[PDB]
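Trainee: Could you have a look at this structure, given as structure tokens, before my questions?
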């Protein structure tokens, strides 16, 4: 049924955690009410401990398991309750709930629950190996977290397990806390950090989470804990991998409800203990005051304090918790002046004059605080404010009982643990800047501070006295005796909670939303007490499961999120869509009203003056108001602020604004109200300002993203930029800083000065050294740029960041963060931006970032490349990129129109024998083919056909081949493809197409010169890869089998653009030269993808424009739907992980029932992604949806398998393909896919080229990959990406084909631009140049410099140079410009070649090959290689040296380095015959040395590096022989 | 200026300068026709208006070339900002002219400056300034270089373009007195010239190398003989934090103020 909208206002509970859901309470046993004038006073006695059960004893630290016993030292026996549940603690993974009173020592129970998991992973020869598990301890308070990590560290240190607080900003400390286990945090911290995904790299390594003080469910903070646990549970149901959950709570009813919530089996998992189990029995005193007038009340409570304190003035100890900072000492001195007004009565707090150590209190005299007044007498004060160390010095004084009266704050109860014989809580009311008013303090605050009552050791029984308002007197009884219900405040926050779940992708639609809410505490409470939660029993009967209420609920949240634009959700589908605003909102924990306020208020043109106002309008501050009394000070503050507020008068906006400024300007405030307020404002300000920055940056508005990041920094650091950056190093003296600020000497001018010159400015030379340290500690980047135009629309930028600063991890820490953003001409628009992060290891290593930027019609004077530290203030470097000399490429002519033709039947070629190899495959040729046909088949001339991959150009080549077939019986044809994989793929087809049916012999070239020579000339069709056809055919003059070829075919010629392109270029060019000399024409047919500059390629390869067909990517036999998915997570693991769910969804959306291929960045990633596809397949409630046959049919195929997981993944219809799989395994998977048995295959990226099985939908996951050599990720080569995309083609059946490309934020626009447009292609020969000139000089094809220039004119480079001169660093388009350029080129190539002794240059004109060059050319070895050889090999060199010398060879630097191969190769290098001299383990030469020795020692390695070994060996012998020579 | 209150009024004012940006007027008056005609790309104009202030004159130096085969029109392709400070009626900028590589390709066309109150004449301070540049610089051609005065009209901006006449140039070379009415000043000294705004091409900025351009907030740090280098990057706004160090360097505080309110509540990260 259709949902209905409801009001969430009257449906929440105001004054939460003070709620008191029950309106009735109970006595304890001996309790009495005695009412006095103006105040009722209630008394309850101490509880009576339950008598020890029959044969029930405590457990010593002996009789519990061997390992766990460690770290319990100092403690001989277990507490009664600890001893009660230790069994279920260490013997079961069953979830726990304990309810036990404050003081029972609950922690040490949970500790055991940890020591179990710590024990779950253990080894004999090593203990507690720590990369298997991590534990999460959630504690309610900060002080408690701090101190807990403090003591937990000490305790667990015997194991050497590393436990730390999670205070980390996300990015700097993740890789830091990566190595951290058992991490302690506040529920909130865990929630943001999970919303960002900092957790999703941690999880699945988490077997245990502790919820400590889980009764915080009742607090306003409650919804957070509810959000955590709900997520954890709802998640476990998907993953099927479980987690222990250990709840700790104060003793309160609703225990079974919290049990249901934590999925604790009540049978074996539930634990309850009542208030009688408090170790020190508690006598409770509660005095409620009836006085309405506060003026009289502030007397009455004083007097109650006095009488109560004089009651204990004998031998005993009192502790006063005031909720004020200053009143800690205002309460004291009142007691003092009263005791003086008592005529020295109440004094003598000791056993005598000298007795009880009054010299203790007197001799401690001089101290930081006001204590000097109080200490001579019997009492003192404690709190965080006045001192640091003297707090510890007071705590020492209280423990030893030299002070029997101590007045303090709640942070003393929450911090380091000391009790008091009797404690007294004054007033219970506090000031809430969040609520804008005063309110009674929280449940946990009293529970904690009154649970400090009585000592465990020196005490018999404790008492406590709560002085409150009579109206709340009932409430505080329902707590400290278990009357109080624990209820959920979840409804208030429901819209914010829902958003963040959509943001994580954990809820797609309304249904998933109700499913989620079904995991909430509020759900079980709405179930078991509908009467309270707004459900009448009749409509509850009408809907027992609350399906319709949970549908109504969340519908209003959906509407709220839609109205504020966090989500786009239409009522019809019930589906949600996230917006970037929504993500920003979730990530900063900012409410959805604030975020829409920002959406409407924020505009590009905002001044700082206005930025502050917009900040002040944040809905988070809604209750902050301006009080009359403080409007006196606010005015003064208003005139002392730097940023004009004056837009606003006194109203909340002004107060909040002037407050933020006051905090940044570092100003102290007289009023207490304002202080607390300011604190609130500034603490929330970080997240607020940051969400502003993120938004305004995503928009691209340059100026305001500057103003906002700078504000962020100014808040973080508590200073304005106008102050010296040296201040962010707190290590520095204040007077020195102020001194350098005195004289104005711009900061970046400190680098020029040495240690002495620095001190000379401020005339404080003694400081000269130290200052210098800091100046060079301050993060500094220098940056260079290499810019080349790609198309008239886009330029390419290579930014080289070189660290200029000295790294210190006690300052810069593990990582340093920088935004690089390229801004347009006016510094107005941000054309592009990346988050660049330089890790610890890599300071001093220059990082290379490559990115493209657009240019526009009024070509501008320059762009700017800005780089700025995230956290660091006043730390920035700008780099003007000037276009003053830029020469943009010629705009590219329109692609030849696809004519509308009668689709050609196979019946065209009058040859029947030809028709046979087509007709039973497809009835008609596609429009591309039919348009090319007459030209390529019926005519003899050179053609060029570009069409985007998947267009069928192969049979276009086959046309020309058939023509040649008619031409001559013995007619010879050579066919080239740049990819060896693609080559074998062609050979398998053409061998059956020709040799089988047409009897014409077909061959495929190989490594060896001899065998290859013999191969051609016997064959009609010679299939080869550019390198094979370079070495052979360089010598072509002598080999008649090269010259006599009829047809020459270049497939995928656009690949010229990529590396190992020059060799392709050079062989096609050479081919032309041959056809020049042979006097017979040799037809050339070239095939490319869509090429913008196809004209040049054709002109080069000698095609008339009339026979040139260049088609637009929109011309494809089967139309393609391309979608690009941006992910804003830069850290690659997190990104890759967070695109897991979208993969499944991309299938269910775009191609639910049709074949799907998924390409992945890693060899291993293929497994993992097949798994994840299966585990989130369960989620859908739909299992094995991708398997189209029964399990009985797959058995014959599965018998052939080694890999055990592959069996599983295949069993559910997935399966994967990669490097390590046996060719039989691969063939099998391919068979299963194409036959239609399995609907989805995950494949390694490397297999994009050589894969013979196509699909309907293709999903590319994460276009970067990892390179060990520079230790960075690098983008997929574009042609690869286009190939993967072309792998969605199924012309036989589908009317469409689909592709989803999930990539990083940076890389989004690039794909949006270049996947749709035809591609430009440029020559690389200019760079890879020497080898060929050398080889050609050897053949005497270049006899002298002139011949060299002439040779150059036969190339594609020659063509392109004048087309886009700025790319080749040619500065003009002119004649003598190009001429001078080619001249300088052969000049330096021949020089460099002569320097290397590969050639001799005579008269300055002629050239001749020398020994070296001759060798090089003969064996096809890089010239630098054999030069290295030449300076390395000496008279005394032997195999030890020959190993390393042959290893350093250039052809071995193609060997790559994988993820963490620095340890792997070290472990191998340890055990090899020859060690090395301080080897770097990311260097491929070292790796090939080690792999080579490994091969010589016949060591069997992993197949991963074994493949590598085989490749090394392939080319080894040649090199060796060259050494012989 | 009052140096306290005077700073802030104008400071929150200038945050609206970008509003002017889209209402501008250009003097159309009698065209000599033997003269050059200057085209100003609109983008630099916008940005130049946006960095300015409504009291202190800021100035910028014009650099451009004439389009191929069209020698009688000068496209202004670049504005250079140098260390400078203004009065309400004039602008003090240093003796050194811009030297830099991106500039070598173009010729100097003169300068442009903001003018708090609109006057239908070239202020004596200007003709004198210009002549005195020209005296010391042969690089500047009398006939080719101009003064573009950009005045702030209500809610708007409005601009005119002047050339010195030789009478004017001589007077100005000679002139000492910088008052608003010097002896021997004449309307015969200057001439209006033809100028057009354009959206057809984009101009770019050159800006000081180790500092920014705006010295108004440090007058003692500015000198006629001061030297500077340049870079390709845009100007910061007038009241930008950097131009104003003395004000962000106002902190006199003792750290222990932080002792008060030592309740640290954070709980988030």
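Since chain A takes its numbers from Swiss-Prot, the residues it shows come out as 404-1928.
Even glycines carry a Cβ here, placed using N, Cα and C.
Straight out of Swiss-Prot:
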| type | residues | note |
| --- | --- | --- |
| DOMAIN | A:490-673 | domain 'Helicase ATP-binding 1' |
| MOTIF | A:615-618 | motif 'DEIH box' |
| DOMAIN | A:684-921 | domain 'Helicase C-terminal 1' |
| DOMAIN | A:981-1286 | domain 'SEC63 1' |
| DOMAIN | A:1337-1512 | domain 'Helicase ATP-binding 2' |
| MOD_RES | A:1428 | phosphothreonine |
| MOTIF | A:1454-1457 | motif 'DEVH box' |
| DOMAIN | A:1545-1753 | domain 'Helicase C-terminal 2' |
| MOD_RES | A:1765 | phosphothreonine |
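I'd like these features described in context: how deep, what's nearby, how far apart.
Mentor: According to DSSP, residue A:1428 (phosphothreonine) is assigned to coil rather than to any helix or strand. Close to residue A:1428 (phosphothreonine) in the fold, though at least 6 residues off in sequence, lie A:1379, A:1380, A:1381, A:1382, A:1383, A:1386, A:1408, each with a CB less than 8 Å from its CB.
Non-local neighbourhood of residue A:1765 (phosphothreonine): A:1773, A:1776, A:1781, each in the same chain, at least six residues away, with C-beta under 8 Å from its C-beta.
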Trainee: What does the DSSP secondary structure composition of the motif 'DEIH box' (A:615-618) look like, as residue counts for helix, strand and coil?
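Mentor: DSSP composition of the motif 'DEIH box' (A:615-618): 2 helix, 0 strand, 2 coil.
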Trainee: So, taking each listed stretch (A:490-673, A:981-1286, A:1337-1512, A:1545-1753) in turn and counting its Cβ pairs to the domain 'Helicase C-terminal 1' (A:684-921) that are under 8 angstroms, which one gives the highest count?
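Mentor: That would be A:490-673.
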Trainee: Where else in the chain does the motif 'DEVH box' (A:1454-1457) make close Cβ contacts, counting only residues six or more beyond its ends and a cut-off under 8 Å?
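Mentor: Long-range Cβ neighbours of the motif 'DEVH box' (A:1454-1457): 1349, 1356-1357, 1360, 1378-1382, 1385, 1389, 1467, 1471, 1489-1492, 1494, 1500, 1504, 1682, 1722, 1724.
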Trainee: What same-chain residues lie close to the motif 'DEIH box' (A:615-618): Cβ under 8 Å, and 6 or more beyond its ends?
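Mentor: Distal contacts: 509-510, 513, 540-544, 628, 650-653, 655, 661, 665, 846-847, 850, 889.
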Trainee: Using Cβ distances below 8 Å and needing 3 or more such pairs, separated by at least 6 in sequence, tell me whether the domain 'Helicase ATP-binding 1' (A:490-673) contacts the domain 'Helicase C-terminal 2' (A:1545-1753).
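Mentor: The domain 'Helicase C-terminal 2' (A:1545-1753) and the domain 'Helicase ATP-binding 1' (A:490-673): touching, yes.
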Trainee: Count up the helix, strand and coil residues in the motif 'DEVH box' (A:1454-1457) according to DSSP, in that order.
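Mentor: Counting residues per DSSP class in the motif 'DEVH box' (A:1454-1457), I get 2 helix, 1 strand, 1 coil.
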